[PDB]
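Trainee: Before I ask anything, let me first share the structure, which is written out below as structure tokens.
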Amino acid sequence: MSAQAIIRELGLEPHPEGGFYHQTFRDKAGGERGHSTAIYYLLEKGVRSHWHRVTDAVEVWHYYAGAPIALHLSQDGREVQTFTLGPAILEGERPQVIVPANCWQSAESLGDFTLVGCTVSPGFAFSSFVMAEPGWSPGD
Amino acid sequence: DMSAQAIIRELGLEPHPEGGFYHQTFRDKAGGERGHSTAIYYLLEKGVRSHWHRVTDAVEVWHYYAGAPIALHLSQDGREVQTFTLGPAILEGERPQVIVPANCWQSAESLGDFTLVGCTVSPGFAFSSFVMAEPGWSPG
């Protein structure tokens, strides 16, 4: 509402791909990974989400507060689609966007900060996490 | 500063079956009777939108030319829907080019007074490959 305060209040920590996060849930059912995981995720002016992909699970991004976000998706690593993740339903925005399994993804706040939630069905696992080489962009 | 009526008049636009005004500007003599591809000038104004429809056997690409941005809605299977803001504000979640895959449901609306766009249908547009949803209908 003031970012810094949100990071403290929720206990957000630097995420490997950039930004700050905190895992709030890992279903105890559905194997060690669990049926799904949930996370609070936040990006600030500058500090953004670098290209990465969850190799074996779908991730649904949810807008919660702050400026909207520009979410880029590239399933084959060549062509990319840009989504505006926000609540302004009548302004071409959508507060919920589905990232298919193994689909490249990156994002950045279009303002001071954006607080989001991320749901990964087959529970998120870093052993299914891969980041693109820095400076890389679909096509490279 | 232009007006929709000045554009409609200057480009020789006529009302399109899906709503809005349009004019076919090209059909390739190569590639059969449908042509390797077709191009079109298309315009929406505040109020008058583009109703849900799909091109069954060809990919359509939208191109922003002038006016306010547009909200382009895509639904491949008729349930999942994605929304892209078609426009020139590339640093704010906008893209002046968006690819509607073949046989995918699509609808759009201008976010201001008007939006002049271009549409290129590769396999070659043909009303024999044009289908609209029943009015009022929406994916789901």
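Just remember, in the structure tokens the first chain shown is A, the second B, etc., residues are 1-based per chain, and ligands are 1-based in the order shown.
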Using DSSP on the backbone coordinates, identify all residues within range 29-103 of chain A classified as strand (DSSP E or B); present the result as a VMD selection string.
Mentor: chain A and resid 37 to 44 49 to 54 59 to 66 69 to 74 81 to 85 94 96 to 99
Trainee: Residues of chain A no more than 6 Å from chain B, counting only C-alpha atoms: send them over as a list in words.
Mentor: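 Here they are: residues 70, 83, 84 and 92 of chain A.
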Trainee: Taking into account only C-alpha atoms, which residue in the set B:96, B:118, B:20, B:12 is nearest to residue 41 in chain B?
Mentor: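 Answer, going by the shortest atom-to-atom distance: B:118.
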Trainee: By how many Å are CA of residue 16 in chain B and CA of residue 52 in chain B apart?
Mentor: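 Distance reported for this atom pair: 12.8 Å.
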Trainee: Which polymer residues have any atom within 8 Å of an atom of residue 72 in chain A, counting only C-alpha atoms, with same-chain residues fewer than 4 positions away left out, as a list in words?
Mentor: residues 80, 81, 82, 83, 105, 106 and 107 of chain A
Trainee: So, with only C-alpha atoms as the atoms that count, which of B:39, B:117, B:131, B:66 lies closest to residue 89 in chain B?
Mentor: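 With only C-alpha atoms as the atom set, the closest residue is B:66.
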Trainee: With distances taken over only C-alpha atoms, which residue among A:103, A:113, A:44, A:21 lies nearest residue 78 in chain A?
Mentor: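 Distance minimum relative to residue 78 in chain A lands on A:103.
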Trainee: Might you pull out every residue within 8 Å of range 53-60 of chain A, with only C-alpha atoms counted and same-chain residues fewer than 5 positions away left off, and present them as a PyMOL selection string?
Mentor: chain A and resi 96-105+118-124+128-131
Trainee: What is the CA of residue 139 in chain A-CA of residue 125 in chain A distance in Å, reported with one decimal?
Mentor: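 Taking CA of residue 139 in chain A and CA of residue 125 in chain A, their separation equals 26.5 Å.
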Trainee: Tell me, as a list in words, which residues lie within 12 Å of residue 122 in chain B, counting only C-alpha atoms; anything in the same chain fewer than 2 positions away does not count.
Mentor: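 Selected residues are residues 26, 27, 28, 30, 31, 34, 35, 36, 37, 38, 39, 40, 55, 57, 58, 59, 60, 61, 62, 99, 100, 101, 102, 119, 120, 124, 125 and 126 of chain B.
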Trainee: Go ahead and save the residues from that selection, with N, CA, C and O atoms, as a short mmCIF file (atom, residue, chain, number, x, y, z; two decimals), in the first residue's frame.
Mentor:
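What landed in again01.cif:
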```cif
data_model
loop_
_atom_site.label_atom_id
_atom_site.label_comp_id
_atom_site.auth_asym_id
_atom_site.auth_seq_id
_atom_site.Cartn_x
_atom_site.Cartn_y
_atom_site.Cartn_z
N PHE B 26 -7.07 -6.28 -50.18
CA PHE B 26 -6.24 -7.19 -50.93
C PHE B 26 -6.59 -8.68 -50.82
O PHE B 26 -7.01 -9.17 -49.77
N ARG B 27 -6.42 -9.37 -51.94
CA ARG B 27 -6.59 -10.81 -52.02
C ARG B 27 -5.51 -11.22 -53.03
O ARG B 27 -5.51 -10.76 -54.18
N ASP B 28 -4.59 -12.05 -52.58
CA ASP B 28 -3.49 -12.51 -53.41
C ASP B 28 -4.00 -13.30 -54.60
O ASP B 28 -4.87 -14.15 -54.46
N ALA B 30 -2.23 -15.28 -56.16
CA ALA B 30 -1.52 -16.54 -55.98
C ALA B 30 -2.12 -17.34 -54.83
O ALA B 30 -2.59 -16.77 -53.85
N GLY B 31 -2.11 -18.66 -54.96
CA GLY B 31 -2.63 -19.50 -53.91
C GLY B 31 -4.11 -19.82 -53.98
O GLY B 31 -4.82 -19.73 -52.98
N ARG B 34 -8.84 -18.33 -53.01
CA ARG B 34 -8.89 -17.64 -51.74
C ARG B 34 -7.66 -16.76 -51.65
O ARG B 34 -7.67 -15.73 -50.98
N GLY B 35 -6.60 -17.17 -52.35
CA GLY B 35 -5.36 -16.43 -52.33
C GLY B 35 -4.51 -16.84 -51.14
O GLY B 35 -5.04 -17.26 -50.12
N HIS B 36 -3.19 -16.74 -51.27
CA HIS B 36 -2.33 -17.10 -50.16
C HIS B 36 -2.77 -16.30 -48.94
O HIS B 36 -2.58 -16.74 -47.82
N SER B 37 -3.34 -15.11 -49.14
CA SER B 37 -3.81 -14.32 -48.01
C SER B 37 -4.70 -13.16 -48.42
O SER B 37 -4.87 -12.90 -49.61
N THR B 38 -5.28 -12.48 -47.43
CA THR B 38 -6.10 -11.30 -47.66
C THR B 38 -5.77 -10.28 -46.58
O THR B 38 -5.19 -10.64 -45.53
N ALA B 39 -6.11 -9.02 -46.83
CA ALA B 39 -5.87 -7.94 -45.90
C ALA B 39 -7.15 -7.12 -45.86
O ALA B 39 -7.95 -7.18 -46.79
N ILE B 40 -7.33 -6.34 -44.80
CA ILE B 40 -8.54 -5.56 -44.63
C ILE B 40 -8.32 -4.36 -43.72
O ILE B 40 -7.43 -4.37 -42.88
N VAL B 55 -12.87 -17.55 -37.69
CA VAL B 55 -12.49 -17.87 -39.04
C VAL B 55 -12.04 -19.32 -38.87
O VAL B 55 -11.00 -19.60 -38.27
N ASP B 57 -10.80 -21.85 -40.83
CA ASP B 57 -9.61 -22.48 -41.38
C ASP B 57 -8.43 -21.58 -41.71
O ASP B 57 -7.64 -21.87 -42.61
N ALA B 58 -8.31 -20.48 -40.99
CA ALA B 58 -7.21 -19.57 -41.25
C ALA B 58 -6.92 -18.74 -40.03
O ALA B 58 -7.81 -18.44 -39.24
N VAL B 59 -5.64 -18.38 -39.90
CA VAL B 59 -5.12 -17.55 -38.84
C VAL B 59 -5.32 -16.08 -39.21
O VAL B 59 -5.02 -15.65 -40.33
N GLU B 60 -5.82 -15.29 -38.27
CA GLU B 60 -6.02 -13.89 -38.51
C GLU B 60 -5.11 -13.07 -37.60
O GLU B 60 -5.04 -13.33 -36.40
N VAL B 61 -4.41 -12.10 -38.16
CA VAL B 61 -3.54 -11.27 -37.36
C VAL B 61 -4.07 -9.83 -37.36
O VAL B 61 -4.34 -9.25 -38.42
N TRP B 62 -4.22 -9.28 -36.16
CA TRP B 62 -4.71 -7.92 -35.99
C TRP B 62 -3.54 -6.93 -35.91
O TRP B 62 -2.51 -7.22 -35.30
N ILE B 99 -1.93 -12.30 -32.74
CA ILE B 99 -2.26 -13.44 -33.56
C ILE B 99 -3.42 -14.30 -33.09
O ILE B 99 -3.28 -15.06 -32.14
N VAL B 100 -4.56 -14.20 -33.76
CA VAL B 100 -5.68 -15.03 -33.39
C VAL B 100 -5.50 -16.34 -34.16
O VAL B 100 -5.58 -16.36 -35.39
N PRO B 101 -5.23 -17.44 -33.45
CA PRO B 101 -5.06 -18.72 -34.13
C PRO B 101 -6.34 -19.13 -34.87
O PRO B 101 -7.41 -18.60 -34.61
N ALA B 102 -6.20 -20.08 -35.78
CA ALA B 102 -7.32 -20.57 -36.59
C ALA B 102 -8.43 -21.24 -35.79
O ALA B 102 -8.19 -21.96 -34.82
N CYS B 119 -6.33 -6.26 -40.69
CA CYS B 119 -6.47 -7.68 -40.42
C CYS B 119 -5.97 -8.47 -41.61
O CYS B 119 -6.41 -8.24 -42.74
N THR B 120 -5.05 -9.38 -41.35
CA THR B 120 -4.49 -10.22 -42.39
C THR B 120 -4.82 -11.68 -42.07
O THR B 120 -4.47 -12.21 -41.01
N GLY B 124 -6.37 -17.08 -46.44
CA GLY B 124 -7.26 -16.35 -47.32
C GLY B 124 -8.70 -16.31 -46.86
O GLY B 124 -9.42 -17.32 -46.95
N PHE B 125 -9.13 -15.14 -46.38
CA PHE B 125 -10.49 -15.01 -45.87
C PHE B 125 -11.60 -15.30 -46.87
O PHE B 125 -11.55 -14.89 -48.02
N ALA B 126 -12.61 -15.99 -46.37
CA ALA B 126 -13.78 -16.37 -47.15
C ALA B 126 -14.97 -16.52 -46.20
O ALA B 126 -14.89 -17.24 -45.19
#
```
Trainee: With distances taken over only C-alpha atoms, which residue among A:11, A:135, A:86, A:95 lies nearest residue 23 in chain A?
Mentor: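 Closest to residue 23 in chain A of all the choices is A:11.
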Trainee: List as a list in words the protein and nucleic acid residues near residue 9 in chain A, meaning an atom at most 12 Å away when only C-alpha atoms are counted, but skip any in the same chain fewer than 5 places from it.
Mentor: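 Near residue 9 in chain A, the qualifying residues are residues 1, 2, 3, 4, 21, 22 and 40 of chain A.
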Trainee: For the residues selected in the previous step, produce a file with C-alpha atoms as an mmCIF file, in the first residue's frame.
Mentor:
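Saved to out06.cif:
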```cif
data_model
loop_
_atom_site.group_PDB
_atom_site.id
_atom_site.type_symbol
_atom_site.label_atom_id
_atom_site.label_comp_id
_atom_site.auth_asym_id
_atom_site.auth_seq_id
_atom_site.Cartn_x
_atom_site.Cartn_y
_atom_site.Cartn_z
ATOM 1 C CA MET A 1 0.000 0.000 0.000
ATOM 2 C CA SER A 2 3.519 1.078 0.431
ATOM 3 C CA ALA A 3 5.483 -2.005 -0.854
ATOM 4 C CA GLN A 4 8.069 -2.280 1.879
ATOM 5 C CA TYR A 21 7.618 -14.028 -2.309
ATOM 6 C CA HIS A 22 6.313 -16.258 0.474
ATOM 7 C CA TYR A 40 2.120 -14.269 -2.457
#
```
